[PDB]
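Colleague: Have a look at the structure that comes next, please.
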Amino acid sequence: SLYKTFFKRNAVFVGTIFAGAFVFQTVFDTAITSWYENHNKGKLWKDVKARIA
Amino acid sequence: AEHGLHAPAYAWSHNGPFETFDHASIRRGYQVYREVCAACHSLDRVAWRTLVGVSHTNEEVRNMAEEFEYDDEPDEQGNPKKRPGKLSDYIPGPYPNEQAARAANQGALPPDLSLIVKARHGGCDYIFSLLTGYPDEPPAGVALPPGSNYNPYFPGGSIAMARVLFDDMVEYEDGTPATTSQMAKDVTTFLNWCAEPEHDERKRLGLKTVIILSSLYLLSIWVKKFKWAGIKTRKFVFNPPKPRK
Amino acid sequence: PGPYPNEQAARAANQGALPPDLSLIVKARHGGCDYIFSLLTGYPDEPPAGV
Amino acid sequence: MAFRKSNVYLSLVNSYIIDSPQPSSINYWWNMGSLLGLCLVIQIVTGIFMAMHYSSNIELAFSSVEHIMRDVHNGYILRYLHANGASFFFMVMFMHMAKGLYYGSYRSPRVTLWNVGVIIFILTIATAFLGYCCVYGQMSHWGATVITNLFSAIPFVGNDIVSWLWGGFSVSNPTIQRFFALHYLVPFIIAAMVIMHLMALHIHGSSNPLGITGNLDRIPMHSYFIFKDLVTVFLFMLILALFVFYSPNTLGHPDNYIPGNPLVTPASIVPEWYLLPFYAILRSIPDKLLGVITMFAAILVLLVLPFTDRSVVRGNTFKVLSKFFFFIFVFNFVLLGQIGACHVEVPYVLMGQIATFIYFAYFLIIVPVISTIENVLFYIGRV
Amino acid sequence: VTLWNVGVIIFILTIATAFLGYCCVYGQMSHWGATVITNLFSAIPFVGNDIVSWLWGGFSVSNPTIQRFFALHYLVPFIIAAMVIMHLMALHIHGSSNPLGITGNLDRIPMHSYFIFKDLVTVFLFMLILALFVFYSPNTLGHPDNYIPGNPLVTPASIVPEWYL
Amino acid sequence: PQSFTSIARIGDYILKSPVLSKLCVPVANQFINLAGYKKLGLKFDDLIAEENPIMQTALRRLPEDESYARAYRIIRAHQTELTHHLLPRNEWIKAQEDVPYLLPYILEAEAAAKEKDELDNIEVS
Amino acid sequence: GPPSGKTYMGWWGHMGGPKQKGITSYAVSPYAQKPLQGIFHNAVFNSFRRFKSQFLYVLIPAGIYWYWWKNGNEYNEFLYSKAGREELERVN
Amino acid sequence: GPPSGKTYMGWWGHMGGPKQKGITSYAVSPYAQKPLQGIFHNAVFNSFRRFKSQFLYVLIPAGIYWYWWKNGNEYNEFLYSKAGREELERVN
Amino acid sequence: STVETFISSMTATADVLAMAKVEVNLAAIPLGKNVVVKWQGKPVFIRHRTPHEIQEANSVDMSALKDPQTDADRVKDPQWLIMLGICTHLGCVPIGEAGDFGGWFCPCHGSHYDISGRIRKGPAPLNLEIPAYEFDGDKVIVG
Ligand code: HEC
Ligand code: HEM
Ligand code: HEM
Ligand code: HEM
Ligand SMILES: COc1c(O)c(C)c(C/C=C(\C)CC/C=C(\C)CC/C=C(\C)CC/C=C(\C)CC/C=C(\C)CCC=C(C)C)c(O)c1OC
Ligand SMILES: CCCCCCCCCCCCCCC(=O)O[C@H](COC(=O)CCCCCCCCCCCC)COP(=O)(O)O
Ligand code: FES
């Protein structure tokens with residue numbers, strides 16, 4: 005079952021809590037950062053410095 | 065008349081929960097500061113290094129801070145000597161002591177604008193409407209004291225700051241027209257950056273915090289109801305015991 | 156007021172040595188009052204043989 | 001027995017937050033107390049980490065708060081979370097002080113729990129006022145002068161106390177440098193009074209909105225009111241996050257961003273929104289000595305409230321007129337803080353006298369007489 | 111045993127509190143007493159160099175160090191005062207011991223009027239010997255080198271700690 | 002704090018006076034149902050605070066049956082209140098079931114405690 | 002330990018209420034029932050019920066202090082207006 | 002209140018010692034007797050008694066570490082003396 | 073995230089991070105002069121050197137010095153000598169250009185220091201530390 009592998013042992017239940025929270029730190033950070041720069045395209049510094057060409 | 069005319073709400077590009085500064089306007093606003101309002105106002109709380117990666121490039125900022133001079137530690141026999149500025153130093157104001165400022169400007173003390181945006185009620189709307197809110201003549205009925213100019217938005221009416229914004233007094237490095245309305249929109253943007261150099265990072269860390277906390281707040285309601293489910297639907301019955309005992 | 160404006164000008168007049176501020180010298184040199192007195196009168200006319 | 005009950009240190013935690021028997025029908029108005037405990041920790045923790053970068057000299061006091069905001073890693077988060085948490089601290093406390101007055105929480109056998117709250121109420125006003133002068137803004141210099149020069153009305157002794165409190169002849173370096181060292185001390189006194197506050201809460205327990213005995217139906221504190229308190233913690237930290245990241249300077253005043261100047265006064269010396277109403281009580285009396293007595297009495301009038309209430313029912317829930325005049329008094333205070341925002345001009349002075357009169361008369365005339373007929377309407381309506 | 115272990119925790123926090131308040135004066139002995147003690151954690155492998163730089167707030171003992179040493183020095187006594195409360199809580203479950211090392215439950219007398227007035231005997235003797243060291247010889251226990259302003263360039267002749275460390 | 006005998010001598014006089022019992026009693030009866038305790042199943046005397054030695058004395062003299070029922074209406078009101086709802090309309094308290102079942106016990110306990118305080122301060126001539 | 006005072010609460014076992022008898026309770030495990038079962042029909046019909054009961058206790062008390070502040074604000078506006086200085090001098 | 006653990010002390014009334022019987026105590030009010038009654042003959046004869054008992058427990062333990070530090074101090078004085086540098090170089 | 077923000081505030085601020093690198097000129101440092109600069113709160117004994125003492129540094133045997141390192145490893149361009157001022161024994165300041173090997177002589181405990189910075193005569197445990205420095209044209213940024 006899915007229960008027998010994950011939720012039965014509190015040792016491995018909190019392990020996958022920390023393992024999933026490890027991935028979420030970097031995936032969520034990049035997902036929010038990219039949309040924020042995309043919504044503000046043409047205004048950020050890397051766009052003004054790129055305009056100097 | 066003595067509260068000062070209320071200034072309306074304009075269409076600033078950085079209002080709203082997701083907007084950043086237009087970093088092209090911070091680069092242009094810095095240019096019209098250096099040549100217009102650099103003579104009578106100070107910016108004492110801005111270091112040189114904060115301009116790198118925001119408005120100018122690193123080689124551009126290491127040359128702007130070298131046009132000025134700073135006082136160096138004494139030489140081998142204690143005599144004083146000067147040094148060129150580096151990226152760790154601050155922007156120098158135009159006047160050495162508070163007395164010399166009041167001498168050039170008829171006794172009025174021109175304030176330091178490193179915090180003016182958060183220190184005059186009217187936010188960004190009050191600085192913009194100040195420099196463009198000057199009538200050609202005072203309203204009928206009022207005779208101003210000598211040396212003072214009229215401006216309705218100023219609380220009390222009479223002010224000691226003149227008109228400094230005309231047309232084509234500055235040339236830009238990207239061909240933008242230099243109108244009185246154009247620059248006044250730019251300095252307020254550059255000055256808001258000086259008062260809040262954390263502006264963009266604050267608004268993107270906020271989006272991360274709100275999304276995390278708003279789903280934590282919703283998940284907590286389900287968990288609260290799951291654990292309170294046994295008491296919400298608990299049912300009582302009452303049957304009177306016999307009075308024999 | 157002291158005699159020198161900056162720490163560099165003190166070391167120039169006295170061959171590089173830094174003369175200390177004596178507003179606290181009594182409690183800052185072991186030997187208390189006995190060490191300042193025996194300092195200015197404890198100079199032999201010539202150094203001991205060997206030095 | 002279990003280790004959580006046998007150990008000397010874990011048995012105190014057990015009997016206060018784990019096995020404590022709570023009434024089974026207290027609503028969300030009883031969550032306010034834990035929110036003040038959360039906010040007390042926020043002020044202290046965000047203050048110790050921000051006290052590592054602050055200089056209390058009159059020369060460096062203002063300049064150091066900018067260094068915190070511009071140079072310290074996440075230094076703006078520290079100062080907005082501490083400046084806005086002070087304002088959020090009072091809003092929860094008023095909703096804690098108002099829920100107590102509505103459900104009749106002040107009545108016996110909880111009068112000591114009511115008086116310790118008033119002591120806590122004063123020390124927090126001083127703590128917020130003291131930390132306000134630490135910034136040494138233009139509003140804080142003149143908020144310091146006006147409040148401290150208030151004791152010059154005590155006869156024959158006032159002029160020496162004022163000179164003793166200032167540490168000199170006015171607000172200068174000796175004043176700010178001792179205001180900060182006091183501001184670091186008082187929160188440790190509030191934390192000690194909260195311990196004495198929860199000690200008087202534990203002898204008889206919390207009350208319930210019905211105003212009747214709660215010993216018939218109790219549920220444990222853990223897993224019921226630990227997870228229900230988690231609902232408001234996340235909502236409090238979400239509204240606080242909106243005021244910190246999206247509009248940090250809405251509640252404050254822009255004149256506090258000017259360095260304090262002893263020569264030029266601001267256009268309008270106004271206190272913060274939580275001390276605003278008592279500022280109108282002070283300014284209603286056309287005398288100097290009488291203002292202080294009237295201003296401080298408004299806090300002390302709450303103390304006679306367990307005696308004026310002549311009702312045999314706790315609360316306003318089953319009372320039509322006692323629930324009716326409560327909201328006028330609520331609003332009169334809301335109106336009382338409105339005049340203090342406006343200048344001293346016609347006709348705000350006349351409003352300032354009648355409004356503060358109805359404020360004081362609620363405790364001394366309306367609550368005792370309406371509570372009296374209500375005992376009679378209850379009696380002949382059933383007979 | 112718990113009353114014994116809480117004492118050791120109290121023992122350490124007082125050493126830190128006295129050491130932290132010693133660097134507050136910023137004397138010549140306090141600068142170099144700060145450098146030697148804080149650079150002691152550079153012996154923990156692979157992690158020491160970051161902790162030392164994190165503790166100093168920079169690359170050495172400078173303004174960021176003293177300004178955070180004082181704010182800590184004001185905090186720790188309030189932690190000791192809280193540990194003393196926990197220290198007297200573990201003393202109250204079983205009580206004090208007696209020099210005979212045997213049971214003391216057979217003969218007890220109240221604390222008031224017996225050990226309140228016997229404690230007054232040592233309070234006046236403690237405040238008398240302390241008054242002799244404060245009015246007649248204030249600088250006997252300390253070190254004269256602490257009256258020099260701290261200098262980062264020149265080391266003292268002998269870096270020595272206070273007589274208790 | 003305004004006692005109960007004090008506010009009852011006010012009652013029996015208004016009841017007997019024809020002008021008063023016609024003017025205010027027809028106004029008092031709307032004050033009871035507007036209060037709205039009847040809808041949660043509460044008799045009035047269950048609303049009075051009981052944390053004083055006078056009410057604790059009367060609660061002990063109360064018979065077993067009226068003390069068992071009193072326990073159930075308080076439990077039902079606590080349970081119904083936490084659900085943010087009300088009782089069904091067919092279980093509410095009517096006008097006639099709301100009787101003064103706790104009245105005489107409160108009155109016989111204050112007149113025996115008024116006597117005690119009036120005997121502790123007798124100035125014999 | 003030392004004796005303590007007399008309070009109005011006990012603990013688990015001697016809470017201090019009246020003796021109860023003849024009252025029965027039923028409950029069901031939350032693992033066996035569906036939460037969020039009636040959130041709709043409670044966000045609409047239940048909220049409207051409570052609002053209609055307690056809304057004249059808050060409105061009229063707020064309906065008096067809104068007209069009182071407005072007739073003072075729009076009176077202060079005329080007293081300091083160009084057309085209302087003559088009334089200003091008789092109240093100043 | 003909540004139950005507590007098991008300790009080795011009680012309070013006034015249940016202190017927790019063994020049951021005692023057949024032991025009698027006499028005392029006299031201090032208003033009726035003279036303090037300072039035997040301070041002499043206690044400052045001389047009693048103190049000498051206690052000293053003669055516990056003084057070889059402190060002296061010999063202090064008699065070992067005084068000769069150990071002195072023969073090191075007067076040895077360090079010769080090793081750094083003009084006559085003891087030749088022994089210094091063989092220990093340095 | 074919360075713990076990281078509070079602990080991070082304790083870490084070095086922008087201005088202290090800025091004072092990290094100091095450059096020194098390639099012409100202003102004289103031949104027979106000892107620059108004692110306070111870099112990062114630490115002394116540094118700079119000495120622009122002569123081309124004669126390079127053979128003098130590696131002249132002695134490796135038995136007269138307990139940390140084996142030649143002159144070319146302790147300084148890259150032999151026209152300089154940039155040494156960390158903290159002595160390996162206690163941290164004293166040796167006297168400048170006075171001693172027996174052309175370098176330094178610690179007066180606290182008699183540890184002789186050469187023109188390369190090693191110990192020669194003394195109980196000091198290591199040769200004296202050399203900081204990080206890199207030439208960039210007319211300057212060299214120590215640290
Ligand atoms: C000609 C000199 C001069 C120049 C150029 C100048 N100002 Fe001023 N400014 C003054 C003086 C003088 C005052 C003080 C007047 C007083 O407060 O009455 C002042 C006051 C101000 C104030 C304070 C107003 C308030 O309500 O107290 C602001 C804001 C301000 N200036 C902004 C600016 C900005 C923004 C610029 C250009 C970007 C600028 N100034 C350029 C002279 C100048
Ligand atoms: C209940 C407890 C406290 C309250 C209500 C409180 C409130 C305040 C307030 C209102 C300010 C002014 C905020 C502003 O407008 O900028 C302030 C400033 C300050 N507080 Fe506190 N404070 C508390 C506890 C503490 C503690 C425990 C410390 C330190 C250990 C502390 C340190 C400071 C410092 C350094 C400032 C000035 C820094 C700044 O605001 O820019 N506070 N406090
Ligand atoms: C930091 C400040 C404070 C904290 C942490 C605090 C905490 C608490 C807590 C946890 C409770 C029990 C839970 C509850 O009733 O909601 C409580 C009850 C109470 N507090 Fe406070 N409190 C504080 C300040 C005050 C103040 C300022 C007052 C009054 C001016 C006050 C008056 C009361 C009253 C009357 C109760 C009893 C409420 C009841 O049982 O129904 N408290 N407090
Ligand atoms: C401010 C610091 C301290 C205070 C105020 C304090 C206070 C007390 C008090 C009042 C007692 C009971 C009376 C007595 O036995 O004399 C006691 C007992 C004791 N303390 Fe402390 N103490 C402190 C620090 C320490 C430290 C640092 C240690 C150990 C390193 C310690 C270990 C003990 C022990 C073992 C006892 C039991 C003694 C006995 O019952 O015979 N205490 N303490
Ligand atoms: C009646 O029902 C109850 C109830 O009984 C209770 C107890 C609570 C819970 C509430 C509380 C107990 C609130 C208690 C609040 C306090 C006592 C404030 C806490 C104050 C402090 C912790 C003191 C300050 C000390 C520190 C935090 C020091 C921290 C250390 C630092 C910052 C040093 C860091 C430095 C280094 C070197 C890392 C309830 O919420 C509740 O209703 C649900
Ligand atoms: C004084 C400041 C806070 C006021 C008190 C408010 C109470 C909230 C405390 C949060 C603890 C809740 C978890 C209880 C627990 O251990 O349950 C444990 C395990 O539960 C869990 O799964 C834990 C969920 C994780 C959520 C914790 C987030 C903390 C948010 C910060 C709150 C304080 C800043 C016991 O579970 P049980 O119900 O089986 O007994
Ligand atoms: S410091 Fe180098 S030997 Fe003493």
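Protein chains in written order, with PDB author numbering: chain I, 5 to 57; chain D, 65 to 309; chain N, 156 to 206; chain C, 1 to 383; chain M, 111 to 275; chain G, 2 to 126; chain H, 2 to 93; chain R, 2 to 93; chain E, 73 to 215.
Here a beta-carbon is modelled for each residue, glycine too, at the ideal position from N, C-alpha and C.
1) What's the C-alpha gap between G:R77 and D:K267?
2) Considering only heavy atoms of ligand 7, list every residue whose Cβ is less than 5 Å from one of them, following chain order.
3) Answer yes or no: the CB of D:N169 versus the heavy atoms of ligand 1, is any distance below 6 Å?
4) Going by the CB atoms, is the gap between D:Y134 and D:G117 shorter than 7 Å?
5) Under a criterion of Cβ closer than 6 Å to any non-hydrogen atom of ligand 4, which residues qualify, in chain order?
6) Please find out if some non-hydrogen atom of ligand 1 comes closer than 6 Å to the beta-carbon of D:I155.
7) E:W111 lies in the beta strand (DSSP E); which residues open and close that run?
8) Compute the Euclidean distance between the alpha carbons of M:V264 and N:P175, then round it to the nearest angstrom.
9) Just to confirm, does C:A191 get its C-beta within under 6 Å of one of the non-hydrogen atoms of ligand 5?
10) Do M:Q138 and M:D255 have their C-beta atoms closer together than 7 Å?
11) Identify, in the order they occur along the chain, each residue of the same chain with its Cβ nearer than 6 Å to the Cβ of M:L113, setting aside the five sequence neighbours on each side.
12) Are there three or more Cβ pairs, one per stretch, closer than 8 Å when the segment 240–256 of chain D is compared with the segment 199–218 of chain C?
13) With a threshold of 16 other CB atoms inside 10 Å of the CB of residue 412 of chain C, please say whether the residue is buried or exposed.
14) Under 7 Å between the Cβ atoms of C:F243 and C:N84?
15) Using a Cβ cut-off of 7 Å (strictly closer), state whether E:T74 contacts chain C.
16) Cutting at 6 Å between CB atoms, please list the residues of its own chain near D:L179, excluding the five before and the five after it.
17) Give me the Cα-Cα distance between D:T253 and C:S105, rounded to the nearest whole angstrom.
18) Starting from D:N213, follow its DSSP beta bridges and name the residues at the other end.
19) For a contact defined as C-beta to C-beta under 9 Å, what are the partners of N:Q163 on chain D?
20) Can you tell which of E:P115, E:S73, E:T122 has the C-alpha that lies nearest to the C-alpha of I:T30?
21) Does the segment 366–375 of chain C come close enough to the segment 297–310 of chain C that 3 or more CB-CB pairs lie under 8 Å?
22) Write down the C-beta distance between I:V52 and D:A88 rounded to the nearest angstrom, noting that I regard them as a contact closer than 8 Å.
23) Mind reading off the beta-carbon distance from E:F173 to E:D186? Whole number of angstroms is fine, and I expect it under 8 Å.
24) Please check if any C-beta of chain D sits within less than 7 Å of the C-beta of C:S223.
25) With DSSP as the reference, label D:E237 as helix, strand or coil.
26) Just checking C:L40 against ligand 3 - is the residue's beta carbon closer than 6 Å to any of the ligand's heavy atoms?
Modeller: Working from what's here:
1) 50 Å
2) E:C159, E:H161, E:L162, E:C164, E:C178, E:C180, E:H181, E:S183
3) yes
4) no
5) M:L113, M:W114, M:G117, M:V118, M:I120, M:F121, M:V194, M:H197, M:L201, M:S206, M:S207
6) no
7) 107–111
8) 13 Å
9) yes
10) yes
11) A200, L201
12) no
13) Past the boundaries of the shown model lies residue 412 of chain C; chain C is included only from 1 to 383, so the question cannot be answered.
14) yes
15) no
16) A259
17) 53 Å
18) D:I223
19) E137, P138, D139, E140, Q141, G142, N143
20) E:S73
21) yes
22) 5 Å
23) 5 Å
24) yes
25) coil
26) yes
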